[PDB]
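Working notes, beginning with the structure itself.
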Amino acid sequence: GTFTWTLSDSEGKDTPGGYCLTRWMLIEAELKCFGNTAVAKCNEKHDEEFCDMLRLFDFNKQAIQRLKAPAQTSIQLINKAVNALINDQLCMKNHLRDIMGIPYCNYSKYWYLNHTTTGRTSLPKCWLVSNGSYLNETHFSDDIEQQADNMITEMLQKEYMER
Amino acid sequence: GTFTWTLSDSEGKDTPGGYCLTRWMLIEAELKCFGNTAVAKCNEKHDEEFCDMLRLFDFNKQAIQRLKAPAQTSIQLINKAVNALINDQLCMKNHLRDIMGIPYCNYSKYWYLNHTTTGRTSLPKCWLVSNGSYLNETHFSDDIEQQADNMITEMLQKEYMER
Amino acid sequence: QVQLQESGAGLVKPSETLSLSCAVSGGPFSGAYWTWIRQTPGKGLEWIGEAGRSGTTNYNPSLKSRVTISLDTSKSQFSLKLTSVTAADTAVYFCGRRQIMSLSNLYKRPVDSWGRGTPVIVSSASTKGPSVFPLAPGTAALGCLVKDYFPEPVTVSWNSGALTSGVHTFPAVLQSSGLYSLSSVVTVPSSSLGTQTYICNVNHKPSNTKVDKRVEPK
Amino acid sequence: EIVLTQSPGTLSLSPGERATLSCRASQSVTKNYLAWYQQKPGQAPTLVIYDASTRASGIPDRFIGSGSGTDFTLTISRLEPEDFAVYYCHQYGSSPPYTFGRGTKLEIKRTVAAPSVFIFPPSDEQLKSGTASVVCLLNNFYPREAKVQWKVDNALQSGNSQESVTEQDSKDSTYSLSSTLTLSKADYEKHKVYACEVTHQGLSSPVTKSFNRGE
Amino acid sequence: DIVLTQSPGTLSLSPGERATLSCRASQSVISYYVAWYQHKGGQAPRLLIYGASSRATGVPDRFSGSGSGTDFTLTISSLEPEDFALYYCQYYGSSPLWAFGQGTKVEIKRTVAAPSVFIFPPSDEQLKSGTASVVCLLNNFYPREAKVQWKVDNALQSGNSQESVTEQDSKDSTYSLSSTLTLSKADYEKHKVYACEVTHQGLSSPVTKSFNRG
Amino acid sequence: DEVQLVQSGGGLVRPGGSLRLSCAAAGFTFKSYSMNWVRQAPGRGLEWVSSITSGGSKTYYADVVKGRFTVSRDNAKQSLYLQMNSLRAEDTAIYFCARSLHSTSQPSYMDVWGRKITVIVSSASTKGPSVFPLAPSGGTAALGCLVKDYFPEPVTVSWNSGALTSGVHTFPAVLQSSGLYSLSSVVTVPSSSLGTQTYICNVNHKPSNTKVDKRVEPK
Amino acid sequence: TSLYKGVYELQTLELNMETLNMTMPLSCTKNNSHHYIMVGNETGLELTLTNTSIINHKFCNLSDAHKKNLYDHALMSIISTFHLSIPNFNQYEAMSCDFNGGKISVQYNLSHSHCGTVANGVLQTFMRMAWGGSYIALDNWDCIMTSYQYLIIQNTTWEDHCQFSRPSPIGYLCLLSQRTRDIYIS
Ligand SMILES: *[C@@H]1O[C@H](CO[C@@H]2O[C@@H](C)[C@@H](O)[C@@H](O)[C@@H]2O)[C@@H](O[C@@H]2O[C@H](CO)[C@@H](O[C@@H]3O[C@H](CO[C@H]4O[C@H](CO)[C@@H](O)[C@H](O)[C@@H]4O)[C@@H](O)[C@H](O[C@H]4O[C@H](CO)[C@@H](O)[C@H](O)[C@@H]4O)[C@@H]3O)[C@H](O)[C@H]2NC(C)=O)[C@H](O)[C@H]1NC(C)=O
Ligand SMILES: *[C@@H]1O[C@H](CO[C@@H]2O[C@@H](C)[C@@H](O)[C@@H](O)[C@@H]2O)[C@@H](O[C@@H]2O[C@H](CO)[C@@H](O[C@@H]3O[C@H](CO[C@H]4O[C@H](CO)[C@@H](O)[C@H](O)[C@@H]4O)[C@@H](O)[C@H](O[C@H]4O[C@H](CO)[C@@H](O)[C@H](O)[C@@H]4O)[C@@H]3O)[C@H](O)[C@H]2NC(C)=O)[C@H](O)[C@H]1NC(C)=O
Ligand SMILES: *[C@@H]1O[C@H](CO)[C@@H](O[C@@H]2O[C@H](CO)[C@@H](O[C@@H]3O[C@H](CO[C@H]4O[C@H](CO)[C@@H](O)[C@H](O)[C@@H]4O)[C@@H](O)[C@H](O)[C@@H]3O)[C@H](O)[C@H]2NC(C)=O)[C@H](O)[C@H]1NC(C)=O
Ligand SMILES: *[C@@H]1O[C@H](CO[C@@H]2O[C@@H](C)[C@@H](O)[C@@H](O)[C@@H]2O)[C@@H](O[C@@H]2O[C@H](CO)[C@@H](O)[C@H](O)[C@H]2NC(C)=O)[C@H](O)[C@H]1NC(C)=O
Ligand SMILES: *[C@@H]1O[C@H](CO)[C@@H](O[C@@H]2O[C@H](CO)[C@@H](O)[C@H](O)[C@H]2NC(C)=O)[C@H](O)[C@H]1NC(C)=O
Ligand SMILES: *[C@@H]1O[C@H](CO)[C@@H](O[C@@H]2O[C@H](CO)[C@@H](O)[C@H](O)[C@H]2NC(C)=O)[C@H](O)[C@H]1NC(C)=O
Ligand SMILES: *[C@@H]1O[C@H](CO)[C@@H](O[C@@H]2O[C@H](CO)[C@@H](O)[C@H](O)[C@H]2NC(C)=O)[C@H](O)[C@H]1NC(C)=O
Ligand SMILES: *[C@@H]1O[C@H](CO)[C@@H](O[C@@H]2O[C@H](CO)[C@@H](O)[C@H](O)[C@H]2NC(C)=O)[C@H](O)[C@H]1NC(C)=O
Ligand SMILES: *[C@@H]1O[C@H](CO)[C@@H](O[C@@H]2O[C@H](CO)[C@@H](O)[C@H](O)[C@H]2NC(C)=O)[C@H](O)[C@H]1NC(C)=O
Ligand SMILES: *[C@@H]1O[C@H](CO)[C@@H](O[C@@H]2O[C@H](CO)[C@@H](O)[C@H](O)[C@H]2NC(C)=O)[C@H](O)[C@H]1NC(C)=O
Ligand SMILES: *[C@@H]1O[C@H](CO)[C@@H](O)[C@H](O)[C@H]1NC(C)=O
């Protein structure tokens, strides 16, 4: 099966798309808004944990707002919908890596690059862990480097198409 | 669900990526190394049998090396991981074709093009079979032709970006 | 909507153990840190400790491991036990319900619902009933003196609750004897001095002594 | 402990004015977990502010919490009669123990009122038992400050009196005071003129009321 | 054509109470295209709720939306001072393409205050011009409903008087109203006594203020 | 910049005349969005006028303005236009532009609005007001000014050259049958001050370059 | 702060998974022995690794419990999801239950004895469901051992149980695919 839940958060923005994680969705942090170019990748990629979480929090937001709360909490809905929100093979991958002593994603912490003047942001990638110890930035520094490169490539693709 | 197992085989190579099938993984043949441009397609395509086999052999290699062997062979692990390695609907497709008398992939034999001077290789495609008879090359010659075309297109895209 | 009611021995001889209990009602006995807080008139409010059904229990270091707060989920009542009691442990003791707001205490809320409070006295003194001596007298004034009693409370009314204007009943005092003393007074018109009768109605329930004394206008 | 120092100790205002109550913390209060409680006498404390600035249920807009770190403030504007009590400062963001302030009592400021003094000789019944109690009443006076000086035969007394004050009355906002001189029957009969001298703002000069044994 | 009927027309509540605004549709409609808007006078409409229940950015969470089929609800949990204005529901997709409700006004509920009536005779400059405007003023009253009856020589007048009401005073929440009887100089001097009669639920009995020309 | 729509145009025309309203986008991808026009005639409610899809392919009109109004856009200039022709007196209103996006991914809504555009359709000529006093006749007394027969709106009435503001009520203007506006400004004052203090209303009508001051005095 | 290519600053975010408490279960770990999977704001499920048994019989009267229908329907689903994810479960006498009055009381006897142990299967399922901080519970081809004798699953109250790891829904949601997988015919 393959995920299908679409993210809807275009209201009041400069251009449709993107997704804003409100303060309620973030541990001890203020709101964080991600643009269309980053979030639109979630419609295609099959292996970005953060995208699965975006759909998860959006489903929770939508379900709470559009359905009336039951007296006793039922988990029927999430059991029915889980595979349209997350890729259960993605966290199988993280489970198999854990079993193997390879650093893995526990879905809680993410990193992204943020342009110091234009504010442009990359799609957050999961900060890996192993036996309770989170990777140091040095462990994946070259990943951060190529991410900065893709940001520069995209910024140059935008200036070209902005003619 | 959708496959997620990533192939890790960049050590000592001229550029990260690709995958080398060792002699142990090949019937009566020496090592065969496939480059990043071919193998990187396995991260995206949803219908290349050879890509499912690449993840299968890599999982077997990883699991054997990173987990200690049990006394009695357990198949618990593969049952837990199979859907993160292969697309069970891909071989459903091959099963339905077989049922229908249409040539299908039994996952054992693959063909690829190999540039006679630069050694560049295409992503191997499954050599089809029907009722125990494998297709002749003539049966899919125009497929081999367009594969050579994509190789030429990629070689021209490389010379352009190599500036 | 929750209601906390506290009970227990308010009288403890020194070098013994104070034992109090808090009955929780009108709500589940869950999802909160059950809190004990005492208030001395001289030193203010002192936080005693907390016991949560999650298993976490932390106390005030100043109580030096002589305090224990148990939960008892069946009777829906948490308890306070203070051993090796001293004179300074005399205070008003309060129940507390600190609502828990997060599985990981990511957000916290202070104690919102408090019991009525039980006065607790620490003394070797025994129970003794009051002696009610009167106060002998425009608009002149009169009253009653409630002397030498233990423990508090004592109640006093005038004309069996019919007289409530101009009456003041002062807080008790503590003599070096360890016994308490009170005074209650009322202002009346001087024209009605001889005509209308006045009587103060004192009741010290802990000794079941009830002494009513009239006015003595010598 | 994070000690919370509250200023002022007592704040005297009349209905309609503004009360500014201060609470300073020794250490920075974590996540602004600072609360305010209102305690009326004999009652238990009542939550009115949590999170330094958020009001509790049923707390009118008059109450405004304002602070951060070590500097916190509760301001009650348009003071209503029901708002006069002792307000307490509480922090709950630290490790054990959570702490409280020593309090700020908010009393009503009325016009000055001089005490009405009364002297009460010991009861003949009390004299039978062997200890004498002379009592001085100070009735319906504002402000609360007042000295009573006991004088027997014009001798100033110390260490034999104990005073006790009523809470501010609801209709007039006036305190009352009772001071009791306890002497042995022996010393009571030794002397004759028993005096209670009261010094207070409403009195131009201290007033003295007295009795003589056997009047 | 679709018709959106909001109710009540005027919702009178004090600060700090739940406001429940209703919108009923002619036909059954898809909730996804129902929207609510706040409109204060000095600015442009403000989107509060879209998709029946989604709250727009900047809307302070006391505002909520619900509804289905033909009945839709906008709810403010604790009315705040700035929350007293006009509110409109909206449906997109039928005919008209964008349908609006007639609007609900939420006002501050107050103690009943009686109008203080004043009558003003026409000035002499106005008579020297040929028209007479006698003005009746109803000052600082609540609720807004007030009846003004113009009587000339004890004759009921209809069709010759326009009214105008101020908006609720920001301090004391009261209203004021003026009735202007406009007569030609010819008809002005035909009759002698001029009176406006005010009936308001704050008055003990209908109050009449009159004058005689000269 | 900030996400906004900058209004332009509007004004006063006689019946049958024409007016072009425009509205330029700032700080948002104008071409992504449908555009809309909404008006509010005085004393009435919000009323939709017309709309245009993101790419100009489709335009829609309220039945009341069909054949008279023409909506259009220029995505290169990031601009929206409303050409109102054959104007009627009932077309008097404030006008608003507002964006919307009509896709299955979003609900329908108008999130970004321009500021009001004032449109007045009348045969009346601009005319300064005639200011007549409202003279007062124990306790408090009320005096005022009657600002009659002016066009168009607005007028600004102040009392005692700005110094007297307490208890003033300047009423909304009523549109008389003549086509001209009229209003009254009143103020309540202590009856005792009727003799000591002088009372002036200052009526400024900027469209007709008229500034009138009038003494209100008893009797 | 870390600056890459001069102009891109490295920044982080941490999701507050408790926002999902009303739609899906949340797992977390209190300490080595005590682990929790909570549902909503009122009820939940405590998973205990202990040497102290709570059930001395060998019955699991689910048919009775179902007919009487007093238990929390969500909690029973979780119990079923847990037990139906145990690989190669075949010692039904190692599983004891008490559902009197609608409570949830489930006890797996891990001491029934490497990879063929019933404890292996149980612990693997426990590992996957308390995924957040289960690494401190225990220390071979995925096969696990423990010195503890019992895994106990009892309903509990909503309290601040998540004292070692913050609540997460991943462990539960990723277990859902293991149901009726590697299950034996009977
Ligand atoms: C989509 O737009 C539709 C209109 O758009 C036009 O038509 C489309 C096809 C295109 O050509 C477009 O270019 C046009 O602009 C819009 O149509 C509306 O549909 C509703 C039903 O959902 C109709 O309401 C019902 O009408 C029937 C018929 O009587 C009506 O006749 C005329 C129109 O000829 C109306 O003007 C009258 O006021 C009448 O109401 C009624 O029988 C019915 O009322 C009763 O019946 C139902 C059950 O049948 C009961 O539940 C009710 O309580 C009543 O007892 C409804 O009122 C509406 O007339 C119709 N309008 C037009 C102009 O056709 C459609 O709603 C839009 N779809 C969505 C999802 O928004
Ligand atoms: C789970 O269910 C178990 C079976 O439940 C019964 O059957 C199911 C299908 C339902 O209908 C259910 O409602 C039934 O109860 C249940 O085990 C049962 O427990 C009861 C005790 O409450 C047993 O009754 C006792 O029976 C013995 C004699 O029977 C035994 O011996 C004979 C001969 O060997 C066998 O043929 C039987 O199968 C039994 O092995 C009596 O001696 C005994 O008398 C005294 O015991 C109790 C003890 O406290 C006293 O209080 C009484 O007053 C008696 O004086 C009981 O009558 C029942 O035999 C037993 N069945 C089985 C098959 O073991 C189990 O308790 C349930 N668990 C939970 C947690 O609910
Ligand atoms: C379990 O899941 C529930 C559903 O997701 C969670 O419910 C949410 O809880 C929060 C409070 O914890 C509610 O917050 C609302 O906010 C107002 C006022 O907040 C003001 O501050 C914010 C900035 O922080 C500002 O943006 C706002 O505009 C406000 O001015 C509170 O007074 C109310 O309590 C109000 O409900 C959410 O609305 C609420 N969502 C829902 C759908 O109920 C619940 O918190 C979760 N439980 C845990 C422990 O995380
Ligand atoms: C647990 O929560 C329920 C439900 O709370 C409501 O729904 C949530 C999703 C959130 O939106 C809350 O703000 C809601 O109040 C509580 O049941 C409700 O409690 C409120 C008061 O807190 C009451 O007004 C409602 O009538 C209750 N019932 C409903 C909404 O159906 C329940 O009390 C909470 N349990 C505990 C132990 O706190
Ligand atoms: C990227 O960094 C910038 C600056 O560090 C962040 O912008 C801040 O947030 C507000 C609104 O969210 C902006 O208006 C200001 O420019 C910044 N305010 C500050 C620094 O107080 C931006 O939020 C960051 N983006 C992400 C996704 O973290
Ligand atoms: C593609 O063809 C070339 C030549 O046929 C293969 O290259 C051979 O393999 C070694 C190392 O693998 C090279 O160094 C030599 O150039 C070749 N050795 C021979 C022919 O003995 C290459 O392996 C082929 N690639 C694949 C994937 O089959
Ligand atoms: C993990 O924390 C729990 C909760 O504090 C501990 O549970 C207590 O354990 C003691 C002794 O085993 C019992 O007497 C208590 O009744 C338990 N409390 C509760 C609420 O169940 C547990 O001991 C801790 N585990 C470890 C390894 O420290
Ligand atoms: C859990 O299983 C173990 C092993 O089957 C049980 O231990 C046996 O218990 C009885 C006496 O206690 C005897 O059969 C053996 O002496 C024990 N063997 C071992 C290895 O301990 C244990 O009783 C079971 N626990 C429960 C609660 O049923
Ligand atoms: C629970 O009981 C088991 C019983 O085996 C304990 O494990 C044994 O502990 C002793 C002393 O600590 C060792 O000498 C044995 O080798 C252990 N047996 C093993 C590991 O199989 C275990 O320590 C107990 N756990 C707790 C928390 O009390
Ligand atoms: C486990 O669940 C049971 C069943 O709901 C709980 O016991 C009941 O609790 C309710 C209130 O929550 C009472 O009204 C019933 O009388 C109780 N019945 C029985 C048979 O006890 C039990 O408290 C729960 N256990 C925990 C630890 O939360
Ligand atoms: C759905 O259609 C039915 C039948 O016309 C109607 O009764 C109902 O109100 C509609 N809306 C719903 C169910 O939300």
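Just so we're on the same page: first chain in the structure tokens is A, next is B, and so on; residues restart at 1 for each chain, and ligands are numbered from 1 in the order they show up.
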Residues contacting ligand 1 - anything with an atom at most 9 Å away, using only C-alpha atoms and all ligand atoms - can you give me those as a short mmCIF file (atom, residue, chain, number, x, y, z; two decimals) with N, CA and C atoms, in the first residue's frame?
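Here's the written file part.cif:
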```cif
data_model
loop_
_atom_site.label_atom_id
_atom_site.label_comp_id
_atom_site.auth_asym_id
_atom_site.auth_seq_id
_atom_site.Cartn_x
_atom_site.Cartn_y
_atom_site.Cartn_z
N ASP E 1 -32.15 30.28 -5.83
CA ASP E 1 -30.86 30.75 -5.31
C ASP E 1 -30.70 30.43 -3.83
N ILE E 2 -29.47 30.14 -3.43
CA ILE E 2 -29.18 29.82 -2.03
C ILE E 2 -29.42 31.05 -1.17
N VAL E 3 -29.91 30.83 0.04
CA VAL E 3 -30.15 31.90 1.01
C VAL E 3 -29.57 31.46 2.34
N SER E 26 -30.55 27.75 2.66
CA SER E 26 -31.71 27.35 1.87
C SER E 26 -31.68 25.86 1.56
N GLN E 27 -30.65 25.41 0.85
CA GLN E 27 -30.45 24.01 0.52
C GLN E 27 -29.38 23.40 1.43
N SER E 28 -29.21 22.09 1.31
CA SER E 28 -28.11 21.41 1.99
C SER E 28 -26.81 21.69 1.25
N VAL E 29 -25.74 21.94 2.01
CA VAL E 29 -24.49 22.39 1.42
C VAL E 29 -23.32 21.58 1.97
N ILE E 30 -22.22 21.63 1.23
CA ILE E 30 -20.98 20.95 1.60
C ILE E 30 -20.21 21.81 2.60
N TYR E 33 -17.16 24.42 2.20
CA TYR E 33 -17.25 25.74 1.58
C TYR E 33 -18.06 26.73 2.40
N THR E 70 -27.30 21.74 6.71
CA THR E 70 -27.92 23.04 6.54
C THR E 70 -27.75 23.98 7.73
N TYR E 91 -21.08 30.94 1.86
CA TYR E 91 -21.04 29.67 1.14
C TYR E 91 -20.66 29.91 -0.32
N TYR E 92 -19.70 29.12 -0.81
CA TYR E 92 -19.18 29.23 -2.17
C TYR E 92 -19.59 28.01 -2.98
N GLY E 93 -20.08 28.24 -4.20
CA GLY E 93 -20.34 27.14 -5.11
C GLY E 93 -21.73 27.08 -5.72
N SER E 94 -22.71 27.69 -5.07
CA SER E 94 -24.07 27.67 -5.61
C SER E 94 -24.33 28.93 -6.43
N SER E 95 -25.57 29.41 -6.41
CA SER E 95 -25.93 30.67 -7.04
C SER E 95 -26.61 31.54 -5.99
N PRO E 96 -26.05 32.70 -5.63
CA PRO E 96 -24.84 33.35 -6.15
C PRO E 96 -23.58 32.54 -5.91
N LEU E 97 -22.54 32.78 -6.73
CA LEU E 97 -21.28 32.06 -6.56
C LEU E 97 -20.76 32.17 -5.14
#
```
**Report entry** region 13-29 of chain B surroundings by only C-alpha atoms, 8 Å radius, close-in-sequence under 4 positions cut, as a ChimeraX atom specification
**Finding:** /B:7-9,33-40,57
Residues of the last selection are to be written out with C-alpha atoms, as a PDB file, in the first residue's frame.
```
ATOM      1  CA  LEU B   7      22.249  -0.090  -0.087  1.00  0.00           C
ATOM      2  CA  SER B   8      25.584   0.793   1.562  1.00  0.00           C
ATOM      3  CA  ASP B   9      28.666   0.017  -0.555  1.00  0.00           C
ATOM      4  CA  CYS B  33      30.145  -3.834 -10.103  1.00  0.00           C
ATOM      5  CA  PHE B  34      27.340  -1.449 -11.021  1.00  0.00           C
ATOM      6  CA  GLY B  35      27.776   2.294 -10.780  1.00  0.00           C
ATOM      7  CA  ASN B  36      25.901   4.905  -8.810  1.00  0.00           C
ATOM      8  CA  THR B  37      23.788   6.189 -11.705  1.00  0.00           C
ATOM      9  CA  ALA B  38      22.345   2.722 -12.311  1.00  0.00           C
ATOM     10  CA  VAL B  39      21.979   1.634  -8.686  1.00  0.00           C
ATOM     11  CA  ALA B  40      20.638   5.001  -7.500  1.00  0.00           C
ATOM     12  CA  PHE B  57      21.316  -9.761  -0.865  1.00  0.00           C
TER      13      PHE B  57
END
```
Can you list every residue of chain A that has an atom at most 12 Å from ligand 4, with its nearest atom pair and the distance in Å to one decimal, using only C-alpha atoms and all ligand atoms, ordered by chain then number, as a Markdown table?
```
| residue | atom | partner | partner_atom_place_in_ligand_line | distance |
| --- | --- | --- | --- | --- |
| A:60 | CA | ligand 4 | 9 (C) | 10.6 |
| A:61 | CA | ligand 4 | 9 (C) | 10.5 |
| A:63 | CA | ligand 4 | 9 (C) | 10.4 |
| A:64 | CA | ligand 4 | 9 (C) | 6.9 |
| A:65 | CA | ligand 4 | 11 (O) | 9.0 |
| A:66 | CA | ligand 4 | 9 (C) | 11.7 |
| A:67 | CA | ligand 4 | 9 (C) | 10.3 |
| A:68 | CA | ligand 4 | 31 (O) | 8.5 |
| A:69 | CA | ligand 4 | 7 (O) | 6.1 |
| A:70 | CA | ligand 4 | 31 (O) | 6.5 |
| A:71 | CA | ligand 4 | 31 (O) | 5.5 |
| A:72 | CA | ligand 4 | 3 (C) | 8.5 |
| A:73 | CA | ligand 4 | 3 (C) | 8.8 |
```
Output for the residues just chosen: C-alpha atoms as a tab-separated table (two decimals), in the first residue's frame:
```
chain	number	residue	atom	x	y	z
A	60	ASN	CA	-4.53	14.26	14.31
A	61	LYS	CA	-5.32	17.95	13.83
A	63	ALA	CA	-9.56	14.33	12.98
A	64	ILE	CA	-9.88	16.27	16.25
A	65	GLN	CA	-11.36	19.31	14.51
A	66	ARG	CA	-13.70	17.53	12.07
A	67	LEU	CA	-14.89	14.60	14.23
A	68	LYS	CA	-16.67	14.84	17.58
A	69	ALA	CA	-14.77	13.43	20.54
A	70	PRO	CA	-16.02	10.09	21.90
A	71	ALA	CA	-16.71	9.54	25.58
A	72	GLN	CA	-14.01	6.86	25.85
A	73	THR	CA	-10.92	7.26	23.67
```
Report task. Identify, counting only C-alpha atoms and all ligand atoms, the protein, DNA and RNA residues located within 7 Å of ligand 6, and give them as a ChimeraX atom specification. Result -> /B:31-34,114-116,119-121
**Report entry** Pairwise distance for CA of residue 50 (chain F) and CA of residue 78 (chain F), rounded to one decimal in Å
**Finding:** 17.8 Å
Report task. Compute the set of protein, DNA and RNA residues whose minimum atom distance to ligand 10 is at most 7 Å, using only C-alpha atoms and all ligand atoms, and state it as an MDAnalysis selection string. Result -> chainID G and resid 43 71 100:104 155:157
Take the selection from the previous step and output its residues with C-alpha atoms, as a PDB file, in the first residue's frame.
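Saved as result_13.pdb:
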```pdb
ATOM      1  CA  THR G  43      -6.543   5.236  30.969  1.00  0.00           C
ATOM      2  CA  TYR G  71     -13.171  -3.998  29.708  1.00  0.00           C
ATOM      3  CA  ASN G 100     -12.694  -9.705  36.498  1.00  0.00           C
ATOM      4  CA  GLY G 101     -14.753  -6.541  36.632  1.00  0.00           C
ATOM      5  CA  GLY G 102     -13.398  -5.364  33.290  1.00  0.00           C
ATOM      6  CA  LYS G 103      -9.778  -4.920  34.339  1.00  0.00           C
ATOM      7  CA  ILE G 104      -6.820  -5.843  32.139  1.00  0.00           C
ATOM      8  CA  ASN G 155      -4.299  -1.277  33.058  1.00  0.00           C
ATOM      9  CA  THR G 156      -3.202   1.833  34.936  1.00  0.00           C
ATOM     10  CA  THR G 157      -4.209   5.446  35.513  1.00  0.00           C
TER      11      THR G 157
END
```
Requested in this report: Set the cut-off to 12 Å, count only C-alpha atoms and all ligand atoms, and list whatever residues fall near ligand 7 as a ChimeraX atom specification.
Outcome: /C:30,51-58,70-73 /G:29-36,46-52,136-138,148,152,154,156-157,159-164
Report task. Dump the neighbourhood of ligand 8 as a ChimeraX atom specification: all residues within 12 Å, distances computed on only C-alpha atoms and all ligand atoms. Result -> /G:50-59,91-97,106-113,117-119,148-152
Emit the selected residues as a short mmCIF file (atom, residue, chain, number, x, y, z; two decimals), in the first residue's frame, including C-alpha atoms.
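And here's out-v4.cif as it stands now:
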```cif
data_model
loop_
_atom_site.label_atom_id
_atom_site.label_comp_id
_atom_site.auth_asym_id
_atom_site.auth_seq_id
_atom_site.Cartn_x
_atom_site.Cartn_y
_atom_site.Cartn_z
CA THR G 50 9.29 -8.34 37.30
CA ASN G 51 10.19 -11.35 39.39
CA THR G 52 6.90 -11.00 41.31
CA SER G 53 3.95 -12.87 39.81
CA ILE G 54 0.37 -11.64 40.13
CA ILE G 55 -1.47 -14.68 38.73
CA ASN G 56 -0.88 -18.23 39.97
CA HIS G 57 -3.42 -19.99 37.74
CA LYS G 58 -3.03 -20.86 34.05
CA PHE G 59 -6.30 -19.52 32.64
CA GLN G 91 2.94 -22.19 25.00
CA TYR G 92 -0.57 -21.01 25.84
CA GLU G 93 0.03 -22.07 29.46
CA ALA G 94 2.77 -19.41 29.72
CA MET G 95 0.07 -16.73 29.37
CA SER G 96 -2.31 -16.09 32.25
CA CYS G 97 -5.03 -13.45 32.45
CA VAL G 106 -2.09 -10.25 31.49
CA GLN G 107 0.97 -12.18 32.64
CA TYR G 108 3.55 -13.84 30.41
CA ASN G 109 5.69 -16.39 32.28
CA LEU G 110 9.11 -15.77 30.73
CA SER G 111 10.66 -18.52 32.89
CA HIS G 112 8.92 -21.34 30.98
CA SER G 113 12.37 -22.40 29.68
CA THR G 117 12.21 -19.66 24.14
CA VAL G 118 8.73 -18.27 24.53
CA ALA G 119 10.44 -15.41 26.38
CA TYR G 148 13.36 -11.23 34.82
CA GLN G 149 10.76 -13.96 35.25
CA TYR G 150 7.50 -12.25 34.20
CA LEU G 151 6.15 -9.66 31.81
CA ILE G 152 2.97 -8.21 33.33
#
```
Requested in this report: Can you tell me which residues come within 6 Å of ligand 3 when counting only C-alpha atoms and all ligand atoms, ideally as a count of residues only?
Outcome: 10
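Between CA of residue 154 (chain F) and CA of residue 114 (chain F) the separation is 21.3 Å.
Counting from CA of residue 88 (chain G), the distance to atom 12 (C, counted along the ligand's line) of ligand 2 is 28.2 Å.
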